[PDB]
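J.: Here it is, the structure, as structure tokens.
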Amino acid sequence: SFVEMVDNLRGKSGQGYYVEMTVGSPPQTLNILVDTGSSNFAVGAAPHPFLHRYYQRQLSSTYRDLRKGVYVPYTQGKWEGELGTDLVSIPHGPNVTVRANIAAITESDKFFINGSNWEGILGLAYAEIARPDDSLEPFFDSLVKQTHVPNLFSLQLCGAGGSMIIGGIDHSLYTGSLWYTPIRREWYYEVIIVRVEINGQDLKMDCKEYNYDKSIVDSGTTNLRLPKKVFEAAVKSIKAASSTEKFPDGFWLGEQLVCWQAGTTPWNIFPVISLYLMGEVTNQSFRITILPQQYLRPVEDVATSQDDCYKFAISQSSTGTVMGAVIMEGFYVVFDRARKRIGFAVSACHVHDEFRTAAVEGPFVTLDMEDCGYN
Ligand SMILES: CCCCNC(=O)[C@H](C)C[C@H](O)[C@@H]1CSC/C=C/CS[C@H]2CCCN[C@H]2C(=O)N[C@@H](C)C(=O)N1
């Protein structure tokens, strides 16, 4: 019955992907950012310059106040608000209604984005990272407890809408085989990267560096985020591979945008990135290959030019690796919570290079994969 959930997501990589939800009685429609990097369900509940609508607890006969405050900080942005519960549904999702925890956002900083078209956030990760603590049951945990929806969902993010298949896997959204990596620990969607190659060359780092201090899969982060040491090695390699042309050093900080005459972007000088993930059997891994069309995010020209302009969508991190939306675009990603694993497959909405293709390939042999987890 998944065809009704195909294309139930709108939005871009740099704006976030959102799903339509309704809260309260009578139902109040709101667009909600889908975020696998957090675990709080929160909605704007007070006027804001960037909100065209928000949650009005007073108009809902089913609202219940929890009389407890909440604060949530992200890598960027933060909000605080009031906890409560209400009835929630997903119009283009499963045919159910659940009583879910809702954080009514009363104050925020650098959270809402002007003209993003979404008014809240749906944290899909586990209770361990929920605020104020792990006793606030996350939305997906509530959905699984109160209905018959199986304990998994999948995301097909398509770059320059998408699909969130709640409760299953839709085989028409991907080609080839699904490759699975264990969820190391149920807090973030944490995985273990066992090897990195750029244009087929091993970065030759201690694999602990790749997961320092963690590696997570996060639909709510735009960029691929890398730890300092890995980021510097990656940038050095990508620079050398594209030294044919000259770029401002602010481009490599994701600040300044580079432009090229319409239809002349020199894709071939930018390398592919292969991330190897721990597999399901002993000494086995598999790889996902990232094209430059993924980490060069297209942006609007700052002028009146008909040129193709891009921002560098790989940035430095101090909180571990983040496989953000630009990596997830072009793959079908299965968050198989029931079997504690995350699956990857080439998405049916993949970007077309001319000689190269994004891929998910295996099996590969990798010794001592366990040593790659940071402790
Ligand atoms: C309570 C602990 C859980 C906290 N989890 C995290 O902080 C995650 C690592 C990151 C989150 O997935 C977090 C959720 S989105 C919050 C709004 C940001 C404004 S910008 C945001 C939305 C528009 C497109 N860019 C996005 C982005 O790129 N966000 C990164 C910057 C980020 O921060 N994402």
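Don't worry about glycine lacking a Cβ; one is built from the backbone with ideal geometry, like all the others, and counts go over all protein chains shown. Rule-based calculations on the coordinates, nothing more; no lab input.
J.: How would you rank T175, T321, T22, going from fewest to most other Cβ atoms within 10 Å of each one's own Cβ?
T.: Values: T175 13, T321 29, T22 17.
The most exposed by this proxy come first: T175, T22, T321.
J.: Region 208-232 to region 299-317: how many Å between their Cα centroids?
T.: What the calculation gives is 22 Å, centre to centre.
J.: Put +1 on the Cβ of each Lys and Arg and -1 on the Cβ of each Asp and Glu in the chain; which of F312, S243, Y126 then has its Cα farthest toward the positive end of the dipole?
T.: About the Cα centre, the residue reaching furthest to the positive side is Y126.
J.: Residue-wise, which Karplus ³J(HN,Hα) couplings in Hz belong to region 307-321, taking 6.51 cos²θ - 1.76 cosθ + 1.60, θ = phi - 60°, and x for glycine or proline?
T.: 7, 9, 10, 9, 10, 6, 9, 10, 9, 6, 10, 10, 10, x, 7
J.: Name the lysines eligible as straight-distance cross-link partners of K110: C-alpha to C-alpha under 27 Å, and not fewer than 8 places from it in the same chain.
T.: The reachable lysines, counting only those whose Cα sits under 27 Å from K110, are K12, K68, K78, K214, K228, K311.
J.: Pick out, in residue order, every one of the GluC sites (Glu not before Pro) in region 297-375 that is DSSP loop and has at most 10 other C-beta atoms within 10 Å; say none if there are none.
T.: Details: sites: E300, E329, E354, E361, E370; in loops: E300, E329, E354.
Hits after loop and neighbour filter: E300, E354.
J.: Add +1 for every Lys or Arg and -1 for every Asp or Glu among the other residues with Cβ under 12 Å from the Cβ of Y295, and state the total. Let's see the in-between values first.
T.: Details: positive: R225, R297, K311; negative: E329.
So the environment of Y295 carries a net charge of +2.
J.: Largest first and in whole Å, give the semi-axes of region 224-373's equivalent ellipsoid, each being the square root of 5 times a Cα gyration tensor eigenvalue.
T.: Values: eigenvalues 180, 62, 41 Å².
Semi-axes from the Cα gyration tensor: 30, 18, 14 Å.
J.: Treating only the Cβ atoms of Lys and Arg (+1) and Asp and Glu (-1) as charged, compute the dipole magnitude of region 150-375 about its Cα centre; round to the nearest 20 debye.
T.: Numbers: 20 positive and 26 negative charges, 89 e Å.
Dipole magnitude for region 150-375 comes out near 420 debye.
J.: Which of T85, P138, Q28 sits farthest toward the positive end of the charge dipole of region 17-149, with +1 on the Cβ of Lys and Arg and -1 on the Cβ of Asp and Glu?
T.: About the Cα centre, the residue reaching furthest to the positive side is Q28.
J.: Please get the size of the charge dipole for region 217-281, origin at its Cα centre, with Cβ charges of +1 on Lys and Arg and -1 on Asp and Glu, quoted in debye to the nearest 20.
T.: Numbers: 6 positive and 6 negative charges, 40 e Å.
Taking the Cα centre of region 217-281 as origin, the dipole is about 200 debye.
J.: Going through region 199-295, which chymotrypsin sites (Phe, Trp or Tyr not before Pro) have at most 11 other Cβ atoms within 10 Å and a DSSP loop state?
T.: Details: sites: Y210, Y212, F231, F251, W252, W260, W267, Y276, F286, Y295; in loops: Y212, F251, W252.
Qualifying residues, ordered by number: none.
J.: Kindly provide the trypsin sites (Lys or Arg not before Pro) of region 267-349 that DSSP labels as loop, not H, G, I, E or B, and whose Cβ sees at most 14 other Cβ atoms within 10 Å. Intermediate values should be presented prior to the final figure.
T.: Working: sites: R287, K311, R337, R339, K340, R341; in loops: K340.
Filter output for region 267-349: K340.
J.: Follow-up question, since we're still on this one. Give me the base-10 log of I(q)/I(0) for the chain at each q in 0.09, 0.13, 0.15 Å⁻¹, Debye formula, one uniform scatterer per Cα, rounded to two decimals.
T.: The computed values of log10 I(q)/I(0) come out as -0.51, -1.06, -1.37.
J.: Which values of log₁₀ I(q)/I(0), to two decimal places, follow from the Debye formula for region 17-149 at q = 0.21 Å⁻¹ with a uniform point scatterer at every Cα?
T.: The Cα Debye sum returns log10 ratios of -1.38.
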